[PDB]
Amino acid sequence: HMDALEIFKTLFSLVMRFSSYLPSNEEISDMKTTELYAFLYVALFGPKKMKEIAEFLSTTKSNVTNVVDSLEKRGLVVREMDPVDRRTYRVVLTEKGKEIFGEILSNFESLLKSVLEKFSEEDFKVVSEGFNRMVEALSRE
């Protein structure tokens, strides 16, 4: 008998432990949650149109301009201009943006190395199978 609060508490303890295997980033920590989330979207799936960021952020066009403006202020992303209409052609990572995303990538490489040292090949099969099955199931509709 295991309520939603109990799963939350377990997930958060786990995250707490990933925090213990995962270093610091000082700009990741200053970012609001939707800024980090949009930053990672562009860093991961490449340059994006405002329209794609607006769709992705399950969010509005207004709140996207705030999020991109704030990421631009921080030096992390830039708008490339369409010279025909003076509107945004894409959001892309800046140099500083790419570097920071390397800190995050690198910290996470070293989290995995630690997790993996705690897994037997058998643990790895079981955990792996359940992760693939969840991704499979959530991709269906």
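Residue indices: 1-based, along the sequence shown.
Exercise for the section: Output the stretch having the higher mean C-alpha B factor in the entry; the candidates are 102-110 and 75-83. Expected result: Stretch with the higher mean C-alpha B-factor: 102-110.
Practice task
Tell me which of 54-62 and 84-92 has the higher mean C-alpha B-factor in the deposited entry.
Solution key: Averaging CA B-factors over each stretch, the winner is 54-62.
Exercise for the section: Sorting the chain's modelled residues by C-alpha B-factor, tell me whether residue 4 ends up in the lowest, middle or highest third. Expected result: According to the entry, residue 4 has a C-alpha B-factor in the chain's highest third.
Problem - Cα B factor band for residue 11 (lowest, middle or highest third within the chain) - result: For residue 11, the deposited C-alpha B-factor lands in the middle third.
Exercise for the section: Could you tell me which third, lowest, middle or highest, the C-alpha B-factor of residue 67 occupies within its chain? Expected result: Tercile = lowest for this residue's CA B-factor.
Handout entry: For residue 38, the third of its chain into which the C-alpha B factor falls
Key = Ranked within chain, residue 38 CA B lands in the lowest tercile.
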